[PDB]
Amino acid sequence: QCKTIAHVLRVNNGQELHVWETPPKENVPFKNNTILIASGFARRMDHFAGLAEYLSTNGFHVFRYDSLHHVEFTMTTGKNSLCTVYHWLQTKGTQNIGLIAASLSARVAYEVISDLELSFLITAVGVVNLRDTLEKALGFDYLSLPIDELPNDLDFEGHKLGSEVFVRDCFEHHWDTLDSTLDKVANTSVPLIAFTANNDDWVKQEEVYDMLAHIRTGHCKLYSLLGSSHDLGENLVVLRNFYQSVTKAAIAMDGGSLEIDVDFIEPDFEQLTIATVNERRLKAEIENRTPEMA
Amino acid sequence: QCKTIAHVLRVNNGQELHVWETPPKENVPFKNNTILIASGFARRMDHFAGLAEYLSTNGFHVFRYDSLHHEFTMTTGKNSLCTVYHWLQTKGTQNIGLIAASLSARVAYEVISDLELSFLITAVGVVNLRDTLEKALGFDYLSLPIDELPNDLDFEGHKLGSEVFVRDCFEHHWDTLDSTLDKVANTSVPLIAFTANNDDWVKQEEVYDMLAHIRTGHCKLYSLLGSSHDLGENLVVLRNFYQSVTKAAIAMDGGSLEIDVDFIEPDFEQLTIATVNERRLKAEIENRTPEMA
């Protein structure tokens with residue numbers, strides 16, 4: 001299989017998380033930052049297997065990770081998965097790390113950017129206002145209901161969510177408002193490029209600009225993905241416009257720049273097909289792997 | 001003892017609640033409405049023993065109830081009021097007025113579009129729970145993650161266990177002014193809201209804002225003489241409290257909202273005896289047959 005490695009990280013409470021590692025290609029120029037990709041809610045995106053391809057063909061050592069589980073999700077479990085993989089890279093010796101995150105995973109990333117030592121953060125259609133996005137996505141503001149009148153589960157695809165556990169954590173760990181985001185983002189030093197989709201009914205672009213406007217370093221940029229809505233896997237043109245945008249941003253930011261009109265090597269359909277089928281091989285591999293304690 | 005009867009209601013889940021009943025004085029004109037008084041948080045107010053005195057000396061049959069228990073959450077407050085109301089209903093009592101003050105008045109505004117009450121009178125009643133608690137406790141604790149909260153919060157004499165209380169505020173939407181404004185909006189119950197002239201804890205502008213969302217328009221705001229939020233600051237502030245609410249209960253029992261009404265005022269010996277009767281009631285509640293409710 002192209003040498004992508006399956007890792008099982010076993011966090012001390014009986015929780016497990018899977019990490020998919022893809023090494024850089026043999027003779028491309030050196031890339032200083034290791035890339036972390038939050039690939040938990042990315043079922044419909046084949047867990048970003050093709051983005052890891054686009055990045056290793058361009059020189060990056062990639063780690064993709066999913067969510068902690070106990071053999072349902074709250075935003076705090078997403079935050080703990082990212083902090084677990086991150087401390088494991090640090091102890092394997094990795095020092096320079098960039099992070100890419102999209103949609104709901106981007107809210108989890110904005111939450112720790114004033115606490116984590118990251119070389120950069122890139123987000124795509126990232127949610128800044130959880131309550132408003134979940135309203136737009138589900139057709140109703142379920143967070144306005146008494147907790148005990150909640151439907152048993154909600155379907156926010158990427159996955160499905162147990163309503164009470166998840167809504168209780170929103171309020172208790174204050175994930176819910178645009179202000180909780182702006183408070184977090186405010187004192188960061190991490191460079192950030194934010195891609196918004198053009199026809200995105202779920203993430204208000206003005207709210208993204210407002211969040212960028214609170215980053216007191218003024219060291220950020222917003223760019224837009226053409227003719228896309230929130231669904232980045234809508235068709236193959238919207239998908240590769242995401243892949244190429246995020247790869248030029250990873251290359252620019254790896255070199256301290258925020259201007260993304262940069263050159264890159266693009267995988268062809270055959271390489272991308274091999275990466276898709278090679279994911280099924282990895283899923284079977286991870287069936288029997290030694291957990292690594294964390 | 002003066003005639004107050006104690007009762008212990010046990011609800012179907014093993015929580016008890018205490019109700020103190022004072023019948024009207026014998027030869028005074030009939031009063032159509034029984035009065036319920038939320039008295040759980042009124043330790044410093046001697047659990048409203050003298051307001052009951054004032055009221056029964058004027059013909060009202062009064063019930064005062066505490067909070068359900070086997071710490072407190074606002075929903076426990078709402079279930080305690082709903083339990084006693086439902087219990088009085090089973091006794092065939094039909095016309096029921098309610099008096100609530102401070103924290104308890106928020107509980108009262110939560111259910112006033114669901115209960116058939118003849119009227120509601122509130123004193124220094126909180127319309128915006130998050131803002132009052134910031135003012136009372138010095139800091140907005142509701143802005144912290146639940147796991148960084150202190151063990152207890154000391155609110156107005158009573159200690160509040162912080163995790164269970166803050167979880168319930170968000171979960172049952174007790175926290176904002178808007179939640180109050182939604183519950184109050186379609187009410188048919190007449191309301192007199194008394195505010196204190198220099199209350200730091202409750203903003204008068206927000207009480208007027210609440211009253212202004214009551215579509216029927218039959219409500220009135222009157223203000224108490226001095227008072228800060230503390231109705232038991234001194235004997236003058238306290239008697240202005242007792243006196244204002246007695247005129248409002250008299251006037252509203254006859255469908256009026258203007259309180260320049262005559263009333264009978266207990267003297268000091270009658271209020272003292274009510275205070276001592278409270279010790280007597282508190283002791284014998286343990287040798288009282290629980291009533292199912």
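Worth knowing before you read on, the calculation uses all heavy atoms, side chains too, and leaves out hydrogens, waters and symmetry mates. Throughout, a chain's letter reflects where its sequence line sits, starting with A, and its residues are numbered from 1.
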[X] side, atom [atom1]; [Y] side, atom [atom2] - distance, nearest 0.5 Å:
{"X": "B/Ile112", "Y": "B/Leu81", "atom1": "CD1", "atom2": "CG", "result": "11.5 Å"}
{"X": "A/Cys170", "Y": "A/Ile147", "atom1": "SG", "atom2": "CD1", "result": "9.0 Å"}
{"X": "B/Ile121", "Y": "B/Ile99", "atom1": "CD1", "atom2": "CD1", "result": "4.5 Å"}
{"X": "B/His213", "Y": "B/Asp182", "atom1": "NE2", "atom2": "CG", "result": "9.0 Å"}
{"X": "A/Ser103", "Y": "A/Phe156", "atom1": "OG", "atom2": "CZ", "result": "4.5 Å"}
{"X": "A/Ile193", "Y": "A/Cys220", "atom1": "CD1", "atom2": "SG", "result": "9.5 Å"}

Salt bridge (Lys or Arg N to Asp or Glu O under 4.0 Å) partners for [X], two or more places apart:
{"X": "B/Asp140", "value": "B/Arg130"}
{"X": "A/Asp155", "value": "A/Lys160"}
{"X": "B/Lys135", "value": "B/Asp131"}
{"X": "A/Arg168", "value": "A/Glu164, B/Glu171"}

According to salt bridge (charged side-chain N to carboxylate O under 4.0 Å, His left out), does anything in residues 206-216 of chain A pair up with another residue at least two apart or in another chain? List the pairs.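 Counting only pairs at least two positions apart or across chains, the salt bridge (charged side-chain N to carboxylate O under 4.0 Å, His left out) contacts touching residues 206-216 of chain A are A/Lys204-A/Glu207.
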
What pairs meet the salt bridge (charged side-chain N to carboxylate O under 4.0 Å, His left out) rule with one or both residues in residues 100-111 of chain A, with sequence neighbours excluded?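 Qualifying pairs, neighbours excluded: A/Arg107-A/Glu111.
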
Taking atom types as modelled, is there a side-chain donor on B/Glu233 or B/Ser228 under 3.5 Å from an acceptor on the other?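 No pair is found: no donor N or O on one side chain lies under 3.5 Å from an acceptor on the other.
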
Do the side-chain N and O atoms of B/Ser162 and B/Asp152 include a donor-acceptor pair separated by under 3.5 angstrom?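 Judged by distance alone, the side chains do not pair up.
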
CA sep, side-chain torsions, deciding dist, call: B/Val189, B/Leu98, side chain to side chain contact (heavy atoms under 4.5 Å, CB included): CA-CA 10 Å; B/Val189 184; B/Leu98 212 217; over 6 Å; no

Taking atom CD of B/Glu116 as the centre, report whether more than 12 heavy atoms of other residues, nucleotides or ligands fall under 6.0 Å from it.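 At most 12 heavy atoms, drawn from other residues, nucleotides or ligands, come within 6.0 Å of this atom.
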
State, yes or no, whether a side-chain contact exists between [X] and [Y] at a heavy-atom distance under 4.5 Å.
{"X": "B/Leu133", "Y": "B/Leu142", "result": "yes"}
{"X": "B/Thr180", "Y": "B/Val126", "result": "no"}
{"X": "A/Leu232", "Y": "A/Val125", "result": "yes"}

Residues in side-chain contact (heavy atoms from CB on, under 4.5 Å) contact with A/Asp169, at least two apart in sequence or another chain: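 A/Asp169 satisfies side-chain contact (heavy atoms from CB on, under 4.5 Å) with A/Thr74, A/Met75, A/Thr76, A/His173, A/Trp175 once adjacent residues are dropped.
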
Go through the steps for B/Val111 and B/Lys78 under the test side chain to side chain contact (heavy atoms under 4.5 Å, CB included), then give the verdict. CA-CA 8 Å; B/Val111 297; B/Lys78 165 174 155 280; 3.8 Å; yes

Verify, without hydrogens or angle tests, whether [X] (side chain) and [Y] (backbone) share a donor-acceptor contact under 3.5 angstrom.
{"X": "A/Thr188", "Y": "A/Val185", "value": "no"}
{"X": "A/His47", "Y": "A/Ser39", "value": "yes"}
{"X": "A/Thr177", "Y": "A/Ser180", "value": "yes"}

Could you tell me which non-hydrogen atom of A/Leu89 sits nearest to which non-hydrogen atom of A/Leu36, and how far apart they are?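 For A/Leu89 versus A/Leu36, the nearest heavy atoms are CD1-CG, 4.2 Å.
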
Under 6.0 Å between ring centres, would you say that holds for [X] and [Y]?
{"X": "A/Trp88", "Y": "A/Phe63", "result": "yes"}
{"X": "A/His69", "Y": "A/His18", "result": "yes"}
{"X": "B/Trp20", "Y": "B/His7", "result": "no"}

Test ring pair (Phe, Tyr, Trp, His ring centres under 6.0 Å) applied to [X] - qualifying residues, sequence neighbours left out:
{"X": "A/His230", "value": "A/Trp202"}
{"X": "A/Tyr110", "value": "none"}
{"X": "A/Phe242", "value": "A/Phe48"}
{"X": "A/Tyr209", "value": "none"}

Could you check whether the rings of B/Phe41 and B/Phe72 sit parallel, tilted or perpendicular, using 30° and 60° as the cut-offs?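 The rings of B/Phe41 and B/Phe72 sit tilted, inter-plane angle from 30° to 60°.
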
Taking only residues at least two apart or on different chains, which pairs with a member in residues 142-151 of chain A satisfy side-chain hydrogen bond (donor to acceptor under 3.5 Å, both in side chains)?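 Every pair satisfying side-chain hydrogen bond (donor to acceptor under 3.5 Å, both in side chains) with a residue in residues 142-151 of chain A: there are none.
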
Audit row: B/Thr83, B/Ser80, side-chain hydrogen bond (donor to acceptor under 3.5 Å, both in side chains) steps and yes/no: CA-CA 5 Å; B/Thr83 294; B/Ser80 302; over 6 Å; no

